[PDB]
There are 2 protein chains.
Amino acid sequence: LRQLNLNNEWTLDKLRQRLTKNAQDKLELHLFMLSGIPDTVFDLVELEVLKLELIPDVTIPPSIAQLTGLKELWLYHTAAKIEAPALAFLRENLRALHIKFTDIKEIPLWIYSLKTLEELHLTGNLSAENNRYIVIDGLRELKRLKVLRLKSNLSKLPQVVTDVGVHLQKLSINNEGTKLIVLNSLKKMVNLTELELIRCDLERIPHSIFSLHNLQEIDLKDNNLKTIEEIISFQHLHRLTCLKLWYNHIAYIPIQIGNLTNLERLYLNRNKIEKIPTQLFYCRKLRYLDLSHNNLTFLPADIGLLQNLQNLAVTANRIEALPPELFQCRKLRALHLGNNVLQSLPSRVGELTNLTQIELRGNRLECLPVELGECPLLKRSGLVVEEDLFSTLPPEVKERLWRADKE
Amino acid sequence: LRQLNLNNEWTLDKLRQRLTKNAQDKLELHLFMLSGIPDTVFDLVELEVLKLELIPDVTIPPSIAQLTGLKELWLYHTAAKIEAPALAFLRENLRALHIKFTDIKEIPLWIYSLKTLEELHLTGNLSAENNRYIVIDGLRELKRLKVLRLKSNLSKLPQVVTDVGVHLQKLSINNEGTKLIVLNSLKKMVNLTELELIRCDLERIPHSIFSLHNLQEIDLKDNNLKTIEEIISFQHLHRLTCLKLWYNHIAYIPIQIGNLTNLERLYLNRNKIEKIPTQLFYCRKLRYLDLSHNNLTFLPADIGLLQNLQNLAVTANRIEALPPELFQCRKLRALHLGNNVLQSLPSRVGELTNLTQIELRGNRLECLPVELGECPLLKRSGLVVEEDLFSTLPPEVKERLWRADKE
């Protein structure tokens, strides 16, 4: 009767309008604090992200076979009991199982029969008494775990994760203020492509990062770091292409930062940096230079060397003037320059054809140069500037610009 | 039963009616004098600012996890008791938090367990008896707190605040008529970017500020200085961008502040200024100034050196004409000359087309010129010129001004 009434309150026609889309453009169904998991949910045939959040003590019925598109099973805080044919369906079919949880009963005991798993994030604290990682000792059974995002506050990297690491590639360890004592356990892990020690309170970069030769994406966010002197040992890594250094307390940069020519997305933002050396521009592959909310007094001119640079974001700095050779770059896609103390934009910004979004809300612009209307791909929406400063443009020039905006 | 009744009675349509927009264009819900908190409030996902004011018997249900845009929750005079899954959701979703209370009675306990928030605004008397900064001893675990406004009529700076501040960025101090005992304890805490002091009745600016080299915005409103021999000592600090000394009693401003070209904002309105010498105005790049309701007989000549203005004021004083020195300036956008005795209006001030908002109502002008007729930029909603002589102004002038009130 509970299941029938559950289908009655939330019919297939009722949840048909409830059908929403996620970031990955997959159909999702956010089921939240619902008394049971409904069969009208299952009558759908293209749901890919079954969003099971906080559904207490419910048996998943055989009707889940109707979800032909079900790749990602998002089990959040849900006590989920399931039958034997559907266990077999899990060992042969399911490819992604994204689990948020708090309890080892909330995480289910029937996902270690699962074998076809290829993607999973765990979210929720796992430090517990007498029951640590015997939950996921079936990671050894999970022979295809490449994506393991961990917003789970692990105090130390599991060794079963290491034995998995033959195929593990992405480890986003958001420990939330807990240090990951790697103790060169990642030295055994010679096959990683990515490592993200996010908010792990390092203050010192471990050597297990440098000792590898396959890492491509390193993200050291919010580590309270002071010096980056160790990148001379980064020349062993021949595939490093991105360093997102978000939200740190770095007082100054050395010059040897110019050595990593392989770097493309070098972030150095939200820091206390007072001097950028010219040597830094020895790198040639730099593509995403996000220097937002910094203490930079001026953009260096030698930044014109970066011919691959696409998204250069230098918002909320103390940048006074823009030098000419800064505008030697033509591949710039997103120039976020707002909240600065800039007095004017040089006319070379009119040379930019790829100009799509230029943030000029702030600065000290007396009048906008007319060449800003020359940019064809730039519409009025992309022109982020104060209206009082914007209104200097000519009438028919404004007509052409509004024609571009409405097109 | 009352909580349940408030749940069903508050429909989603009436609730969508109650959603307004705040300053940040963010959707705000003002929950005013509700006996409980409707679950339909948490049903509507468009909410961002949840203002719940003087709502008793509050048990915030975790259905608020289904609400998507919640970054503000405005707890006013409320004994809040949140649930643990809601604790988990707001640890990753909420980003700002204002709290109003009456001592320990309406201070909630779940606020400390949330450790990812940015803004923690506290309202109400924290200077209670027998609890001298011992309730806030649990703030040490917060490492992500960067904005902390303290308006609780504090007697002394809490030592726990000194311990916590190491990761702070924004701090505001409001005492509303109480002499704070700072006792020069700010030398420890170096990361601070914005510091404010409003109506402290000090007259003696402390010394611990100079050990900090990161303060950009300093607000000293209503501090009633009379001889600022501190701006010769403010030369030690080379980070302050805008000084805010308005509604003071400055007899004369000492000349040394003329040496800081980075100063961009001179808020000095409603003062007891008799004469202010020249060398104050050696700084060229000052945008916003306010000098309303004074006793100045002539605006000093070296304001003519100021070439980057945006706003001034000659409200309610004994100045009859605009000097040619002010005409050496070229950037007079806004002013405040209302209810004053200005007689002569030359063509130099009148040709300033970018005149943004000048108060002129009640001014004792003789006649108003026909230069307010044609141009579509300088018009009434911009310039509120004297309406006694706006009647004798030509009807085409009135056409431009009423065009302002329409366009």
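Where a number appears in this text, it was derived from the coordinates with a stated rule and is not lab data. With ideal geometry, Cβ positions are generated from the backbone for all residues, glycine too; neighbour counts draw on all protein chains shown.
Tabulated data for the structure shown
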quantity	calculated
Point-charge dipole on Cβ atoms (K/R +1, D/E -1) for chain A, about Cα centre, debye to 20	780 debye
Distribution of pairwise C-alpha distances over the stretch B:1-124, 10 Å bins, in %	13, 49, 34, 4
For residues of A:27-37, the mean tally of beta carbons on other chains within 10 Å	1
For the stretch B:16-33 versus the stretch A:195-234, the gap between their alpha-carbon centres in whole angstrom	44 Å
In range of the label at B:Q159: residues from the stretch B:103-142 whose backbone nitrogen is under 18 Å from the point 7 Å along Cα→Cβ	B:130-141
Separation in nanometres of the label points that stand 7 Å from Cα toward Cβ, at A:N295 and B:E53	4.1 nm
Per-peptide average of other Cβ atoms within 10 Å, ordering B:308-317, A:270-279 highest first	B:308-317, A:270-279
Across the identical copies, how the A:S155 labels are spaced - nm, sorted shortest first, 7 Å along Cα→Cβ	4.1
Two-site FRET efficiency, A:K14 against A:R239, from Cβ-Cβ distance with R₀ of 60 Å, rounded to 0.05	0.75
DSSP bridge pairs, chain B: antiparallel proportion in percent, nearest 5	5 percent
Ranked B:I255, A:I60, A:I181, criterion: other C-beta atoms within 10 Å, fewest first	A:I181, B:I255, A:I60
Order of B:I198, B:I37 under a 10 Å beta carbon neighbour criterion, fewest first	B:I198, B:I37
Sites A:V190 and A:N224, calculated FRET efficiency, Cβ-Cβ separation with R0 25 Å, nearest 0.05	0.30
Cα pair distances in the protein assembly as shown, grouped into 10 Å bins until the bin that holds the longest one, percent each	2, 10, 16, 21, 22, 16, 8, 4, 1, 0
Gain in span if fully extended, B:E407 to B:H213, counting 0.36 nm per residue against the direct Cα distance	65.2 nm
Per residue Cα convex hull volume in Å³ - calculated over chain B	163 Å³
Unsatisfied cross-links (Cα-Cα over 29 Å) in the set A:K275/B:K221; B:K81/B:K146; B:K170/B:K406; B:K244/B:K275	A:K275/B:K221; B:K170/B:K406
Per-copy distances of the B:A84 label point, shortest first, in nm (7 angstrom along Cα→Cβ)	3.5
A:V166/A:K105 FRET efficiency (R0 35 Å; Cβ-Cβ; nearest 0.05)	0.70
For the stretch A:338-403, with +1 on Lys and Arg beta carbons and -1 on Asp and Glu, the positive-most of A:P394, A:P376, A:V341 along the dipole	A:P376
Nearby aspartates and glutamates by direct alpha-carbon distance to A:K285 (threshold 12 angstrom, same-chain neighbours under 8 apart not counted)	A:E264
Distances in nm from B:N262 to the matching label points in the other copies, shortest first (labels 7 Å along Cα to Cβ)	4.0
Shielding by partners - mean other protein chain Cβ count within 10 Å, residues of B:168-175	0
Among beta bridges that DSSP assigns inside the stretch B:1-124, antiparallel share in %, nearest 5	10 percent
Mean ellipticity per residue at 222 nm, deg cm²/dmol - from DSSP H runs of n ≥ 4 across the protein assembly as shown, formula -39500 (n - 2.57)	-3500 deg cm²/dmol
Virtual spin-label span in nm between A:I232 and B:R91, 7 Å along Cα→Cβ	4.2 nm
Bridge type composition, the protein assembly as shown - antiparallel percent by DSSP, nearest 5	5 percent
Exposure proxy ranking, count of Cβ atoms within 10 Å, fewest first, for A:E83, A:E407	A:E407, A:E83
Label-point separation in nm, B:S381 to A:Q307, each point 7 Å along Cα→Cβ	5.2 nm
